[PDB]
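One chain comes next, on its own, written out as structure tokens in the form deposited in one PDB entry.
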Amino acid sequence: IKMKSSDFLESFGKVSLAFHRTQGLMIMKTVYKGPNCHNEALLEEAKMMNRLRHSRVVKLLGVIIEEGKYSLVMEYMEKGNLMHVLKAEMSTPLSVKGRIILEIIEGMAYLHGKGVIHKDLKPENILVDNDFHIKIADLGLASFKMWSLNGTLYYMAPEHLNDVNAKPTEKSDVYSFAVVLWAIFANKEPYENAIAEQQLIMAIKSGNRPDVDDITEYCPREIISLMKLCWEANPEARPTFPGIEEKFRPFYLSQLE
């Protein structure tokens, strides 16, 4: 998974498009600094993320590790992120939204099956290709411990609000997924009427959630019930992603596909 700057013919911070000599078009995020000693650790972390190989999970394709040049290289994603897609003038039909949801469940079930907690799932981290299929990404480097060399709380489980030393769990991601479901059908971010972030945090910790009545589109009653289950205050009362899939897939095929 080691790449060289010379492997490239041509060209959340500063990124660029990269034309690889033999492996196609890519996206590069680069850190320019005085050199490391360290590099072996960054590489073991990159080979770990590169082991995450699933159709609904962004592929880290390589890294550049050169004296003073440290770069992550991931696959190209044509259509931006889910919020960009949801705000687009051409509205996204119910069948496509339902398939988007199913693909998010598939990617998250893969990640959890691999022992990986995302910890920052949100629409900005759900990237979309040309046919509206999605891939889950970690553009904030919340899982790239070493490489992380360098509005945001609406999807965060309340057990992490004002509690930064508590350890995230799979149920942390299930809460984020609940609010993503709301955004998918509201076509916007939640809590547009909140007073200030400090008050909002305390409100969410005490049980406030996105306003379901601000969903104006038709939203199947199953998805409404699913989002409320996945954002229960008690983490234990939220389902697992395999549990969600096993109910949601029959519903998707029977009713949405």
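Throughout, we count residues from 1 along the sequence that is shown. If you superpose the two forms and keep the largest set of C-alpha atoms that fall within 1.5 Å, you have the rigid core.
Compared against other deposited entries of this protein, residue 13 counts as often unmodelled, lacking coordinates in at least a third of those that resolve the residues around it. Gaps at residue 35 occur in at least a third of the other compared entries of the protein that contain both adjacent residues. Unmodelled deposited residues between residue 37 and residue 38: 1 to 3, per the record.
According to the entry, the deposited sequence has 10 or more residues without coordinates between residue 150 and residue 151. Annotation for 79-87 versus 95-103: the higher mean temperature factor (C-alpha) is found in 79-87. Annotation for 203-211 versus 224-232: the higher mean temperature factor (C-alpha) is found in 203-211.
Residues shown: 52, 43, 61, 28. Highest C-alpha temperature factor in the entry: 43. Placement of the Cα temperature factor of residue 139 within the chain: middle third of the modelled residues, per the deposited record. Residue 194 sits in the middle third of its chain by CA B factor, as recorded in the PDB entry. Residue 245: CA B factor lies in the lowest third for its chain, per the PDB record.
In the deposited entry, the Cα temperature factor of residue 56 places it in the lowest third of its chain's modelled residues. Ranked by Cα temperature factor within the chain, residue 169 sits in the middle third according to the deposited record.
Same protein, other form: the form deposited in another entry, not shown, and the subject of what follows.
No residue in 52, 31, 203, 229 other than 31 shows a CA shift of 2 angstroms or more between the shown form and the other one after fitting the rigid core. Once the rigid core is used as the reference frame, the Cα position of residue 247 differs between the shown form and the other one by less than 2 Å.
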